[PDB]
Each structure stands twice: as C-alpha cells, then as structure tokens.
Amino acid sequence: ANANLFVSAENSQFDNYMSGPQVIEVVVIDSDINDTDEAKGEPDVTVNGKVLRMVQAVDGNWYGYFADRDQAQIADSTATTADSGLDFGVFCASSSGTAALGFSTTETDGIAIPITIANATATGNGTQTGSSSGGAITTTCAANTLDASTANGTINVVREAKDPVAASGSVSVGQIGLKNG
Amino acid sequence: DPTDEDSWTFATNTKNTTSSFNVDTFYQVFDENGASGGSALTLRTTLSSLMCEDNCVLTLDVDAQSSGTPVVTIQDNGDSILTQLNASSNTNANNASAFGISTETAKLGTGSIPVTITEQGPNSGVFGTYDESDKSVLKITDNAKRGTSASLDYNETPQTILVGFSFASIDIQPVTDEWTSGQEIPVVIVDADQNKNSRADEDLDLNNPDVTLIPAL
Amino acid sequence: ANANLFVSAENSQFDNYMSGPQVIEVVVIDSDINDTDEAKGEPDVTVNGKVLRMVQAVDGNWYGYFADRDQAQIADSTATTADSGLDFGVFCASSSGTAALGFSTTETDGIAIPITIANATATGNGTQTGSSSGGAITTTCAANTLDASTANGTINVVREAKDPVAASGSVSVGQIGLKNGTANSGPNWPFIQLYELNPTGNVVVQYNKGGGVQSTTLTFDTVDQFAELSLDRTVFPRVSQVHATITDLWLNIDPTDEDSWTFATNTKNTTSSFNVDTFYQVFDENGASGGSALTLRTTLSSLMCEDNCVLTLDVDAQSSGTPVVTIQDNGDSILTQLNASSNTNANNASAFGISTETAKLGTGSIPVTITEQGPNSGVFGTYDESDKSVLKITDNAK
Amino acid sequence: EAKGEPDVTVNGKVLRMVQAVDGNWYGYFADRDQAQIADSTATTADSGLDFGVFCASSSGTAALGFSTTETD
Amino acid sequence: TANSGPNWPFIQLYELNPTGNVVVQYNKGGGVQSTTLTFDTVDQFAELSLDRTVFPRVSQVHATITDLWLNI
Amino acid sequence: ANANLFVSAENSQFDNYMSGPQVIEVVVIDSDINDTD
C-alpha cells in the first residue's frame, strides 16, 4: 500500500487487475497536509502521467475518482432512467471543469458530473445518457448548466463519498474550489 | 462502487421458454439493507462491450432430472424484497416460479427466478446469497427426493446441488471406567441431516416441529 | 478493538455474544474528526448493512446506541411506571426521525425517544409502554409530540451519556442536528435505534474510512453458557462475610452505567401469593432509591433467559432449626429490619426487607442485591467498597 | 481551537479534564471518605487539610458549568 | 482564576476499595494507556535515616524522612 | 531526483542530456513552504 497513497484496485488476491466500467478511488493520507483550517497545497497525483485533481474531505484526506472513458460511456447508455443502474451522471468536455466544478480539468479525457439537463441544447449543455459505442467527448458544460439542473446527485456508481472540507477563512470548498460541496 | 456495498439481481430461469424472455443481469435493483435503491435496467446485450468474458451471468435449473419434484426454491431475506405473486392455496413455497419482484414485473415477474447477491465489504469483490442472519436466497425444498439434483452456473462452469441423507452415530462417553451416581458424562450425536445451516449452530429443541429427531431415554 | 471503532459487546471472555434487551454503544474515536468547532462530516457506520446515526459529544467522540426491536418492546412492557425498570421511553416509527430528532432515521426498524405522551392519540403520537409480544412499529411521532411532553429523560436503560457538542457558527447540536441537546434529562439524547436481528445470527458493525474499513461481528443468542457463580472460600467460619460474584453477560443492560439488580430469593416462603422474582434498578450503585420495583418473573421466557436470570437462596438446607446464613445492609442497598421486636435478633433473615417496596420485597422473601463491578464488565458481586457483603454467616451457626 | 476533551476513566468512571496554558489536560481525584475525614480537622478555612466544600455529583452543572455525574 | 477562584482547582471524589487496585485509563485511537495503583496503608515504605553514626559537639543533625503518606 | 528539487531533463535512460529548442521545467516540492495562505 506504500505509505501515503491508497488505490482501490491494489489487491494481492486479484494481482492488481481492473476491468469493465468500475470506478477507482485514489486516497492520499499524509500528516504534512492533514489540517483542514489552513490552505495547504493540493498533493500532486498523476495517472499514466496525467494530473488527477484531489478534493480534501473532513477526515483530512484527499480523494479522487477515475474511470476509462469508453467503458463509462458504454455503461452510462444502459441507464435509461436517471440515478438508476450504472449512471455516471452527465458527460462534459475537459474545458468544462472551470465553468462547472470551479477548477481546471484539462489534462483529462472528460468529466462525469451528477446533474440533469433541463435545456438539451446541441452545444453548450453536455450529454445525459452517453454513447453505446463510446468515443471522444466534445459537448461542453457551462455555469448556467448547473443552475438549471432540476435533480442533483444522479451518479449511481459512487454512493458513499466523504464530505468536502468547508469554506472557512483562507480555505475554499474541498480546499481546491468546488462550487457546491 | 469502491466506497459502497454493490448489489446485483439476476433472472436465472433457464427453462422459462416464453419467446420474449431472456436470462439477464441488473444492477442495484436493491440496496445492501434490502431497500428499493432504483429500477431494473437491461444489461444482456451490452455485456460484450463492457469487457465481460463468460463471467457476468448467473443461471439456475431447479429440477435437473425433470422428476416432477423441484429440488431448489427461493425465499426472501434481509438484502432483498421477494414476494409470492401466485398466492393461490393450490401452490406452496416449494414453487420457485411463484416468486417474483412486485415493482419490476416485466422482466422479473412470475417465473424467471430472481436471485440476488450482495458484496461482503465495500471493496472486497466477494459476493454471497447469505444475509447477516445467515438466511440464503436459495433453499432446498421440504419434499425433495434423495439422489435428485439442481444445477447453478457462474463463469460458464456449472455445479450440481445434490440431495442426500447421512448415517447418524450416537455414543455415551463415560469419563472414567464406571458411571457412578452424581456425575455428568457427555452424550454425542453425529448426524449431518440436522445441520440445516452451515453458518449457524443449531439446537435439538422439543418445541420446534422442524427438528425431526430427538434422543430419548 | 480495531483502531478507531469501539463496540460494547466486544469482549474476548464472552466471545462477542450479546443477548436480551441490552443496549449496545458504538463509539468512534479518531484524531481526523475530533474537532468540535468545525463542521466535519458524520462518520459512516452501518449495522447489518443499515446506517447507524452518530452524534458528536464534547470529548470529540461520535456515539450511537442500538438494540433488537422485539426485545426493547417486550422489556419496555414491564416498565409500568415511567423512568423505572427497563424503560426505553416511547416507541416511534422510522419516518418520525426528521420530525422528532431533527435528522433522518429511515434505515432503522424504529426509534426509542425519552419523552412522555400527554395526548394519547391512536396515530400521531407513539406508544408509551410497548407490546408484550413485539412486532412492527407503525405509530408515528411529530414535532408537536415533543412540545406537549410533560417529563423528559424517561429512558432508564442508558443513564450515563456524554454531552452533545453545542451549536456554534456552522456547527449544529451534536454536529448532526438534535433539536434539544441536554443529555439524560432532555427529550432527544440519548435515543436507541431499533434493528430486527436474528437469534443465533451474526450482527456486523462496520465503519468506512479512507485507507480501509474496521468491522466487528457479534452473535445474538442465549448466553447461559457464559454464566456462573463463584464464592470467595470453601469453608466459612461463624461470623464471616459471604462474598458472592456473579458473571452474566445478560445482566449488563446499560453499557455506560453500573447496573443494579434486586432478587426475592426465599425458596421456603410457602405463601400462595408469593413467587421468586427479579427486579431491575430498585437501587443505584451508590445505594440510593433509583426507582420502583417492577415484576419480571413472567416475562423472562420472552427476554431470551435460559435458566440464567433467577437467584434463589436456602438459609437452612438440612432443616436443623438454626439458620446458617442471614442478610445485612451495605453501601449499595437500603435494607431494614421490619420485625424490630426484642424476641427476634439479626440472625432472622426473614425479619429484613425493603421499606418502600413491601408487597413483594417485605418481611420474609429475603431480598438480595448485586451491583456491577465496572460500567460494562458483566461481573457482579454482593460486596461493597468497604468489603461488607449482603450475605453473612449467623453467630450461632452449627 | 476547540479540540475534544480526552477520555480518561478511573475504575471505569469518567474523569473530567480541564485544558491549561501549557496545552496539557489536568484532573484531580481523591477517596471520598478520606477527603471528608481529613476536611473535618480543618476548623479554620484555607488552613490544614481543607478540600473546601463538599457538593453532590448533580451540583457539577450548576457550580462548575459542566456535568460531574459519574463521580461520588 | 487558578488557586484564588471558586472553581479551579476542584477534586472529584471516588469511593475506592482499601487493599484494592485503582486503574486509570485513557482511550485514544490506536490503543489505550493504563496505570494501576494500590490503595492501602504504606508504613512498609516509611523510614528515618541520620547522616552519621557518631556526632561531635556542634554538629548539624540531618534527619531524612521518606513517607508516601506525607505527600498530600 | 535528490529530495526536494525536480528537473525534467533528469532521465537515467538518456544520461541527463538536453538538446534543441526544448523547455525545461524546474519544480520544488518541500513541506517547509507548501502552504498557500
């Protein structure tokens, strides 16, 4: 398990394999950045050399969730009703990170946010259901996309998530700037 | 889910021959505490594209030799909501095709034996049909015949569920050479037919009608 | 004990068994969430896969209390007067959590809150006394139920509860939203969450944290295989103290307090109306009143007692005319010589009784009191802290 | 910062701990009968073995401002 | 206000068993610390020692008393 | 990689060579100065 980095797929029994539409949790536990009332720096975590953005939680631990792009899209197409079966929520482009989450997600292939689309435009508002075949995600998401959402928390593949650290003094939500924690 | 306890529900009846019917797999039709937790959505035609290699499908055959008496039935437990949809007096609890899920009757209705498994720990990868009270979804029928069997399949490797009886042995064990007045010595019975639960310790209580035999002096 | 999860029933001596109407305390102690001025997230704790709601206290620890649904209901039916005997207070439905406590309790079989019912309606106001048989709890509780309550703190099965953390700035009462946080005298804290458990079946308590999960498994079964009595010596001289120690898991109802039990043990009282009986908290651990005496003899079968909840005594076994054992007051009981006539003396065990409770614990019917050696030990004794036993050998014994 | 009181027990009963300026937690206890017997010698206040004034366990909330109910 | 105020310090009274053990526990994450003490008469640890055997005419008599009981 | 100083061109395979119009990243990671408020 190393010392300070924990990854869900790290299992000796299964020889560190992962497969299918599964989500992988990355946790950092370290005493250097464990405080929640001071603005310590986000820990620098990468998968295949690309940056993984980590949110601090109330236990003083840093969380991040990732999955394969095509498997998330293919699995999400089965979820015909929202927040049931394998729903990853809504597929947004990498550029949408700043407008939707409030921080940059540009070194990722795409993000999956738990909202619903009210105004199903072709461009500015992402894809609710995903593609049965998969591929590149190109539809973007904006700030007006979040406010118009009529049902939050539509992700069903992660259900037990720790509370993001609150905004006090110098500290932002999740210590990295989530718009709603 | 890496943070939660994962629940899966299967349509396993391999002898439902209705043209519309197919063996199928569903995700989170229940919770780990036996709540609703959402609708049932088809996964059968997509399992090829989600990296499934003969390992995402559960099938069951209640009567393998077609003797007329079904060996295995299904029952409710603490991690599922199963209901007897045919409540007619003409049938009983040994009819596996008389159970279904009430909220999801298109694909998990009468016939099409629904079977539910639950994850033993948030991020373990080990699933079971038992609940925390040790009550399995799958039970052997009360009128089952010796020698007959059922067949359960995961990962395209079937296993037989054989029904059999066990010879018993009783033996009083005197602590020393002679049993004298005012001394407790053990009496030991070995009969596998009274071990009806492998996850629980069982007592031969007079008052329980389902304990069929009790020692007597 | 794992690292950060503590469950009361976790005892190597008794092999993690639990039985009867007992309440179980779950405590989380961790340095990651120990602060009380910041809004840290409730820790994620489940029993048999169902959510356990945890309140933060002033020591920076998270508490939750649970019990079997049917055993709480059956035991509560014995408590005929409020806040005496085995009272769990009032039984509310799962939906009532939001209206009564101020937060959701929907993944539970029922909740037990410490109030009293003023307006005993059929629907909107819960059950005061519980069912002798048990079953599903369907009566609901509302916000107007709390306000109309005329006596708060009626739970007697949990008596030593830590103070809920106070509401300052972003922080709510108990950090999860209790509507009134005065412990052991208020209408919300403590409260017991009811779960339907399987006799002879396992009970699993889990805590999910970053870097791995802690579990504790318990067994729910009759526990007469761990129960025994020990005496201090083999042979007793004439004015000796008889120091009797009882170990019984079943007798530790309160996980936070020192449990007191009182017995009518005279097996030769032959009066037709008389029966050997068991009473709960007729005294304190400090020898105070601590409530009335309420019958448990006809209910012990339904509370999972298998030949292990009954104390009997025979003062003269060989009927020689001289009684070997008598009884005396000590620091953990209030015993009185009701026959104070000069014609009798202190060797007459039948001349002692309890003054406040004379129907069933009067003259004759030798009352015997035991006290728990530690809040959550399960080891009881007749000795007090001055080493004065209740049971003494008579001066003229043969 | 408002850190939680550490959980300290004597013979299984809770000991209430006060924080001091050195960042340490303190508590003081004694046998009940010995304090009472010794206090009877102190006929003038704040001289000899005076423990001050003896209060009941319930008095903790009204006098100190926090609960002392698991004490004698 | 310490040692001149009405609340600090204060002593919590406990009923203890003569010739019996007294156990102090602290419960923290990752294990518990315990310390056990005995409550009994302590005249078996008490003695007086003098600095010398023979004393000349204007000597100091240096007497040392060790007694657990005397440390109130 | 030392302890607290990271330079992009530090590659054992290529023997710490650099060439051409390339940009080089220098990163300092230390717990003494890691705060941002």
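Here, each number is a calculation from the coordinates, and none is a lab measurement. Positions of Cβ are generated from backbone atoms using ideal geometry, with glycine treated the same way; all protein chains shown enter the neighbour counts.
Straight-distance candidates among the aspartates and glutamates for linking to A:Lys40, with alpha-carbon spacing under 14 Å and chain neighbours fewer than 8 residues away dropped: A:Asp30, A:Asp32, F:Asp30, F:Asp32, F:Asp35, F:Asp37.
In whole percents, the pair-distance distribution calculated for chain A from its alpha-carbon pairs, binned every 10 Å from zero, is 9, 35, 37, 16, 2.
Under a model in which nothing but the beta-carbon of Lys, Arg (+1) and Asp, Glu (-1) is charged, the stretch B:3-54 shows a dipole of about 420 debye around its Cα centre.
When the charge dipole of chain C is built from unit charges on Cβ atoms (+1 for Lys and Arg, -1 for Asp and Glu) and taken about the Cα centre, the candidate among C:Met18, C:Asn152, C:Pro255 whose Cα reaches farthest toward its positive end is C:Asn152.
Ranked for footprinting exposure by Cβ neighbours inside 10 Å, fewest first, C:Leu178, E:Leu48 give E:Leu48, C:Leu178. For the protein assembly as shown, the Cβ-based charge dipole about the Cα centre amounts to some 1780 debye (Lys, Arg positive; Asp, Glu negative; other atoms uncharged). Its Cα centre serving as origin, the stretch C:305-393 has a Cβ charge dipole (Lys and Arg +1, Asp and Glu -1) of approximately 340 debye. Here the calculated FRET efficiency for C:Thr138 and D:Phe66, from their Cβ-Cβ distance with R0 = 45 Å, stands at 0.65, rounded to the nearest 0.05. The residue list A:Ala112, A:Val7, A:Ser77 was ranked by how far each Cα lies along the charge dipole of the stretch A:1-139 toward its positive end, using unit charges on Cβ atoms, and A:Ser77 comes out on top. Loop-resident chymotrypsin sites (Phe, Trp or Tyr not before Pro) (DSSP state other than H, G, I, E or B) in the stretch B:120-214 with no more than 15 further Cβ atoms inside 10 Å of their Cβ: B:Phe165, B:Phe167, B:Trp179. Averaged over the residues of peptide B:44-55, the number of Cβ atoms from other protein chains lying within 10 Å of each residue's Cβ is 4.
Return the subset of C:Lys50/C:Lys179; A:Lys179/B:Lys107; B:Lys196/C:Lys50; C:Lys50/C:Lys162 for which the Cα-Cα distance in this structure is over 31 Å, preserving the input order. Pairs exceeding the cut-off: A:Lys179/B:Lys107. Across the alpha-carbon atoms of chain E, the computed radius of gyration and Dmax are 20.6, 64 angstrom.
Of the GluC sites (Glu not before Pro) found in the stretch A:2-40, the ones in coil according to DSSP and having at most 16 other Cβ atoms within 10 Å of their Cβ are A:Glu10, A:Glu38. Each distinct pair of alpha carbons in chain C adds a 1/r term; the inverse of their mean, the Kirkwood radius, is 22.4 Å. Counting every Cα pair in the protein assembly as shown, what percent are over 57 Å apart? In whole percent, the share of Cα-Cα pairs in the protein assembly as shown beyond 57 Å is 26. Taking one quarter of the surface of the C-alpha convex hull of the stretch C:190-269 gives a mean projected area of 10.7 nm². By the count of other C-beta atoms within 10 Å, a proxy for reagent exposure, A:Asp32, B:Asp79, C:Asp59, A:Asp83 are ordered fewest to most as A:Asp32, A:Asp83, C:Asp59, B:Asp79.
Sorting B:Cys56, C:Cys92, C:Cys141 from the fewest to the most surrounding beta carbons within 10 angstrom yields B:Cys56, C:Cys141, C:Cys92. Once the Cβ-Cβ distance of B:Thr105 and C:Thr106 is raised to the sixth power relative to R0 = 22 Å, the FRET efficiency obtained is 0.30. Shown in residue order for the stretch C:145-155 are the 3J(HN,Hα) couplings computed by the Karplus curve 6.51 cos²θ - 1.76 cosθ + 1.60 at θ = phi - 60°: 5, 4, 5, 6, 4, 9, 8, 8, x, 7, 6 Hz (x for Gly and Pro). Longest span of chain B, sites excluded, free of GluC sites (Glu not before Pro) in DSSP loop with at most 15 other C-beta atoms within 10 Å? Free of exposed loop sites, the longest segment is B:54-155. From the Kirkwood radius over Cα pairs of the stretch B:1-103, Stokes-Einstein at 10 °C and 1.306 mPa s returns a whole-number translational diffusion coefficient of 102 µm²/s. Placing pseudo-labels 7 Å out from each Cα toward the beta carbon at C:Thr182 and C:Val213 gives an inter-label distance of 4.0 nm.
The helix-only estimate of mean residue ellipticity at 222 nm for chain C, built from DSSP H runs of length n ≥ 4 each weighted as -39500 (n - 2.57), is -1000 deg cm²/dmol after division by the residue total.
The share of alpha-carbon pairs in the stretch C:120-187 lying farther apart than 18 Å comes to 54%. Using the Cβ-Cβ distance between B:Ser88 and B:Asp142 with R0 set to 30 Å, the FRET efficiency works out to roughly 0.95.
Karplus-based coupling profile of the stretch B:179-193, in residue order and whole Hz: 7, 9, 5, x, 9, 7, 10, x, 10, 10, 10, 10, 9, 5, 5, with θ = phi - 60° in 6.51 cos²θ - 1.76 cosθ + 1.60 and x standing for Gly or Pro. Within 10 Å of the Cβ of each residue in D:60-71, the mean number of Cβ atoms contributed by other protein chains is 4.
The tail of the calculated P(r) for the stretch A:71-144 beyond 14 Å holds 55 percent of all Cα-Cα pairs. Since only C:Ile29, C:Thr140, C:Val165 are under comparison, the one whose Cα sits farthest along the positive direction of the charge dipole of chain C, derived from C-beta charges on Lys, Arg, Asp and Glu, is C:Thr140.
Please report the base-10 log of the normalised intensity I(q)/I(0) for the stretch B:143-187, using a Debye sum with one equal scatterer per alpha carbon and no solvent, at each q in 0.17 (1/Å). Here the Debye-derived log intensity ratios amount to -0.65. Centroid-to-centroid, using Cα positions, the stretch C:19-90 and the stretch A:147-172 are 28 Å apart.
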